[PDB]
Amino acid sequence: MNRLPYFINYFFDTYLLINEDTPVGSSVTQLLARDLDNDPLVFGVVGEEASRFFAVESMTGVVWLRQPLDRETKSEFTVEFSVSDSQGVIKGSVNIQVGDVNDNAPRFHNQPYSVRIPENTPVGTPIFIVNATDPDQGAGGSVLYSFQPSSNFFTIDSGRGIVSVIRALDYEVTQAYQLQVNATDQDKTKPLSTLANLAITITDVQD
């Protein structure tokens, strides 16, 4: 009698990690299968979802990505591949893990930002709290804040987003400030950053 072939890839037993920045059309893996008769094998993928995502080269088992992955929309799923000799087809399921890349700059909410303070606001007064969110995994999802460029009059707590006065103000010299708040993520190799305006109105006080 003929013996049906069997898949041998490790990832049928564990998972296949594919990073979300894998370009469309690129090869993500090659299905490996063995057969007692040493028969020539044809390879496939099966299932509606798995077929929109993956294509397999029949003769080689090379698996190519048919469309973009996005860890922030869908971080994992389960697909079925097929292997056949002449006489029958075997299926195997594979859990796909979509690997994170740092692909999102920080996002600010609740804009625009403005605050109004007296010119006699004491040095050290906290006047405003900014926040930017970032959906990436790890350090690429962690935000540090700073003015771009630095201000001689205001500072931001790089971790907490707290804006505070660091030098005496003067309505007579400057009645209004328009500052760039920089939110940068903490990705080691490609940090991404976003800017947002802070309007600081200075109110006159009699001296």
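Numbers for residues come from their place in the sequence shown, where the first is 1.
Taking the PDB entry as given, 47-55 carries the higher mean Cα B factor of the two stretches 47-55 and 160-168. Relative to one another, 93-101 and 80-88 have unequal mean CA B-factors, and 80-88 is the one with the higher figure. Highest CA B-factor among the listed residues (155, 142, 174, 30): 174. When the modelled residues of the chain are ordered by C-alpha B-factor, residue 9 sits in the lowest third. Remark: residue 187 belongs to the highest third of its chain, ranked by C-alpha B-factor as recorded. In this PDB entry, the Cα temperature factor of residue 42 sits in the top third of its chain's modelled residues, the highest group. Per-chain ranking of the deposited C-alpha B factor places residue 118 in the middle third. The entry lists a Cα temperature factor for residue 69 that places it in the middle third of the chain's modelled residues.
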